[PDB]
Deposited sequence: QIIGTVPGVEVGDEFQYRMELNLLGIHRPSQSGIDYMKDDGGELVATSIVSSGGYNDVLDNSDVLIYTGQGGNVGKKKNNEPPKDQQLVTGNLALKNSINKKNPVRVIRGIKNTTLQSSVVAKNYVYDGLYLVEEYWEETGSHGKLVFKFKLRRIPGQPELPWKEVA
């Protein structure tokens, strides 16, 4: 269970299945978008996220990615737990997070990002949603095509 770069996985490498990512140690969960671990200490820190579709993530062609937290979608408030919490803790720990994007081979490794901040939003249903702003660490290869 590694943090940051994973041996033999280059930026721009592609995959067909979420489990391929598991087999290479890029991202362990088969569905959950957020993957994390426990630090020397006690706390959770994120190690990787997958942005397909589903949650209304804001990504385009920039170094910034807005990622939605998990939970609640009968709708209910999201909770600062598990993945969500892991990500928040990654803000202060300032650790690298692997990012995989889904695509219209359905997944690309997009390199390393840092969690700059988070905040909460309110849909019309009235329920709470977390948003995490991640920025791509400078200096890495760009994406093909």
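- Absence of C-alpha coordinates is noted for several segments of the deposited sequence, namely 74-81, 113-122, 164-167.
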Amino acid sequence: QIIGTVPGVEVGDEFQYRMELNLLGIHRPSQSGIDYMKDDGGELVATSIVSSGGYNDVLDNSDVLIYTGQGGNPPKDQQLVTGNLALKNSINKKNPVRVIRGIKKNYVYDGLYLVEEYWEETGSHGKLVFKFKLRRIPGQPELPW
From here on, numbers count along this sequence of modelled residues.
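Superpose the two forms; the largest set of C-alphas matching within 1.5 Å is the rigid core.
- Of the two stretches examined, 24-32 and 52-60, the one with higher mean CA deviation in 4 other deposited structures of this protein after a rigid core fit is 52-60.
- In 4 other deposited structures of this protein, superposed by the rigid core, the C-alpha atoms of 136-144 lie farther from the shown form than the other of 136-144 and 1-9.
- Stretches compared: 75-83, 112-120. Higher mean C-alpha B-factor in the entry: 75-83.
- Stretches 128-136 and 9-17 differ in mean C-alpha B factor, with the higher average recorded for 9-17.
- Of the candidates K94, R101, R98, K105, the deposited coordinates give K105 the top C-alpha B factor.
- Across the options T68, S51, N61, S32, the residue with the most elevated CA B-factor in the record is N61.
- In the deposited entry, the Cα temperature factor of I26 places it in the middle third of its chain's modelled residues.
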